[PDB]
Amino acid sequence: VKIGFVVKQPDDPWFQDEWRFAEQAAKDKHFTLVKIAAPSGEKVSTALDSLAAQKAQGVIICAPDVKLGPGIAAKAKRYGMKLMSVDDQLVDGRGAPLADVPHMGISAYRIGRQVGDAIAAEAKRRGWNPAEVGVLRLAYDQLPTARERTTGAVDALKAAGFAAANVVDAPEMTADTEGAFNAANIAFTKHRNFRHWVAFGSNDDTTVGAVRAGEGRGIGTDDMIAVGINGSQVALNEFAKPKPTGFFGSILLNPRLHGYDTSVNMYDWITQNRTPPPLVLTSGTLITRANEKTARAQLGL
């Protein structure tokens, strides 16, 4: 048995974490894992070709463009590979999810609410007037899970007294630190009126981009509360800095579920024809400098 695990962004430690747990599944269940990075449609196509050359019987993929769904499905079928998605759900030409592809991702809207609640609570601890705070929304709205994460955060912040008029959309060219850094700088330039800011994106990587941009403009840790999603090494790098940064916290996700449980679901689908769960939406909890080590250890991460 051989299973492919194809990821859009190998330089995001979340996917490295999925891979590490998928490797644990491989050793445990006695299958061979083939790890492939595919940050573009061209590289997805070659990844699936490689997996077929190696006689893999299944592939789990977080595609770089969810609209590649139909092509991915057609090739996997041609090559006799069962197909499962992780993180980013594959969709058809009208943006409807592929009904025959089992998926595991996060409960994105609820996770976003947690981001906004975390931010609101820290702002309150600092005595900030929420009605006067700039709300930097790093946006990559073309991807549903990203849109839902930021919508939840905004909704939680408005529920806590942050002003709709102070929500500054910062649309990203790419959903990565570079994209966020550039989008944040554009937003800060237009909104020099705010003294205090909060920021968030789709993940730790994007969030940190805004924190770095703020630092370059004299918006440091006292004037910035930013909370990410993943709780992997980008969050941990901020938490380990000798001087705390404006990256205040992150919603810790569980890459054992996304890496180990998906791989087992695939294994059992291949070997026993067990119907995979069609949709699993996972949960998270807030980590900050104060609890990150404990929280991660209590998940075995």
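Don't overthink the numbering: it's just position in the shown sequence, from 1.
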| query | finding |
| --- | --- |
| Of 97 to 105 and 223 to 231, the stretch whose C-alpha atoms average the higher B-factor in the entry | 97 to 105 |
| Stretch with the higher entry mean CA B-factor, where the candidates are 190 to 198 and 165 to 173 | 190 to 198 |
| Identity of residue with top Cα B-factor, from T151, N182, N129, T206 | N129 |
| Most elevated Cα B-factor in the entry, residues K35, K43, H258, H30 | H30 |
| Third of the chain, ranked by Cα B-factor, where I287 sits | lowest |
| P144 by Cα B-factor - lowest, middle or highest third of the modelled chain | middle |
| Third of the chain, ranked by Cα B-factor, where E238 sits | lowest |
| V66, C-alpha B-factor rank within chain (lowest, middle or highest third) | middle |
| Relative C-alpha B-factor of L299, binned into the chain's lowest, middle or highest third | middle |
